[PDB]
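Just one chain follows, in the form deposited in one PDB entry, and it is written as C-alpha cells.
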C-alpha cells in the first residue's frame, strides 16, 4: 500500500432520489444538515453537522484529499461561500484534515463543495413537465 497523506472516507445515506454524503472520522460523520438536496440548492445556504456513525452509512470510497487541498488553496482565496457550522463542528478542520493548515472557513468551504457536489451528482434525472414541476415546487416550499 502506497504512501498517502490524510484521506477522506466519503460515505452516504441513500435517500432514493439522491445520496446524502458525509466524511467519516472515527465514530462520527460530518455532513450537511440538509434533509433535501434541492432545498440546499435553492436557499443558498448549508450548515455542517456531526452525527454518530451508523450502519446506514455506506462508504462510497476512500479518496485522497491532496488534489482538493491544492486546488482549493489555488482558487478559493479568502472568498465567501455558502457554508457554516452548527454547534457540533468545533474540531471539523483538524478532524477531517489532520492538521491546522486549513482554517475552519477553508475546511468547510472545501469539504462543503465536495459534499454538495457529490449530492448533486447523485440526483436522479427526472422528466420536467407540468406534473413533476408541481411535485418538486411543492416540495421546495415545504
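Heads up, when I say rigid core I mean the largest set of C-alphas that superpose within 1.5 Å between the two forms. Residues that one form lacks are left out of the comparison. Numbering follows the first chain given and starts at 1.
Novice: Please compare 8-16 with 116-124 and name the stretch with the higher mean C-alpha B-factor in the deposited structure.
Specialist: Mean CA B-factor is higher for 8-16.
Novice: Do the C-alpha atoms of 64-72 or of 92-100 have the higher average B factor in the entry?
Specialist: If you average the C-alpha B-factors of 92-100 and of 64-72, the larger mean comes out for 92-100.
Novice: Among 77, 32, 29, 41, which residue carries the highest C-alpha B-factor recorded in the PDB entry?
Specialist: The C-alpha B-factor peaks, among 77, 32, 29, 41, at 77.
Not on display, but discussed next: the form deposited in another entry.
Novice: Superpose on the rigid core, then report which one of 42, 53, 76, 58 has a CA displacement of at least 2 angstroms between this form and the one not shown.
Specialist: Going through each option, the one that shifts is 76.
Novice: Verify the C-alpha shift of residue 29 between this form and the one not shown: is it 2 Å or more after superposing the core?
Specialist: After core superposition, the displacement of the residue 29 C-alpha between this form and the one not shown stays below 2 Å, so no.
Novice: Could you check, with the core superposed, whether the Cα atom of residue 96 shifts 2 Å or more between this form and the one not shown?
Specialist: After core superposition, the displacement of the residue 96 C-alpha between this form and the one not shown reaches the 2 Å mark, so yes.
Novice: Core-aligned, is the CA shift for residue 85 between this form and the one not shown 2 angstroms or more?
Specialist: Yes; residue 85 is a residue whose C-alpha shifts (by 2 Å or more) between this form and the one not shown when the cores are overlaid.
Novice: Closer or farther: the CA pair residue 75/residue 31 in the other entry, versus this form, with a change of 3 Å or more?
Specialist: Nearer in the other entry, by 3 Å or more.
Novice: Taking the shown form as reference, are the C-alpha positions of residue 8 and residue 26 brought closer or pushed farther apart in the other entry, with a change of 3 Å or more?
Specialist: The answer is closer, because the C-alphas of residue 8 and residue 26 approach each other in the other entry by 3 Å or more.
Novice: Once the core is lined up, would you list the consecutive runs of at least three residues whose Cα atoms each shift 2 Å or more between this form and the one not shown?
Specialist: Residues 1-8, 63-104 form the runs that move by 2 Å or more between this form and the one not shown.
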